[PDB]
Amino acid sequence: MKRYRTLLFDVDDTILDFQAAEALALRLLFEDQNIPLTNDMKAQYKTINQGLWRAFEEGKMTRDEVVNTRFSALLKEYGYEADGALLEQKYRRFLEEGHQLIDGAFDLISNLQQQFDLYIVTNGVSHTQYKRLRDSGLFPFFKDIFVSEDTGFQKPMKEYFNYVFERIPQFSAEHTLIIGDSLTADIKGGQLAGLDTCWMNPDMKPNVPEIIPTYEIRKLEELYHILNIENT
């Protein structure tokens, strides 16, 4: 039977609770600006932010443009003249203080480190991901951290994965699994790159693009059975 050797983990909403970090950072940003954060505004922020990150994944926008325009795009249509780069800098500081964990992530990663080689694969801002991984105690369990900004490309692009593969000693695709919550960055990314994929989908979101993962789970602890190792 197949035994994976190398696990590539996405960060946000895979092992760290990015939703929680985002929720806190948005609240604090809007309090900082003394602007009421209505349900309608929060919903539009999420749609705008999602569309801009997708444009970046697709190669249609730089990440800097994504993060430096999302808050000006939102506030401008609600009638506020806003400096998108300044708002992002404030948001960024608050986001970098949120290192909430996904349920079971610490115990899972600690257990897997004993039997597999673990790596991080992320499109997130390098400083932000390093800091949140350090603060949550996850950082030392990973052999390396591969950030899109070093590569010239981003998940799901095949060239991002080429960069990662060249930097894993004795890399074998057949013995590698990528685990992440994004159909578009992680699952499409891994599939393109010749990897088995594991979709973290706790909320049983639909698969609108029909990007089919090798596995789909709701909780990280379901990995023990997929990886065929005993939980401890």
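Throughout, we count residues from 1 along the sequence that is shown.
Asks: Using only the Cα atoms and their B-factors as the entry lists them, report which of 206 to 214 and 19 to 27 averages higher.
Replies: Averaged over C-alpha atoms, the B-factors run higher in 206 to 214.
Asks: Looking at the entry's B-factor column for C-alpha atoms only, identify whether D32 ranks in the lowest, middle or highest third of its chain.
Replies: CA B-factor rank for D32: highest third.
Asks: Within this chain, which third does the Cα B-factor at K158 fall in: lowest, middle or highest?
Replies: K158: CA B-factor falls in the middle third of its chain.
Asks: Among all modelled residues of this chain, ranked by Cα B factor, put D117 in the bottom, middle or top third, i.e. lowest, middle or highest.
Replies: Its C-alpha B-factor, which the entry lists for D117, ranks in the middle third among residues of this chain.
Asks: Where does the C-alpha B-factor of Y130 rank in its chain, lowest, middle or highest third?
Replies: Bottom third by C-alpha B-factor.
Asks: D64: which third of its chain by C-alpha temperature factor?
Replies: Its C-alpha B-factor belongs to the middle third of this chain's values.
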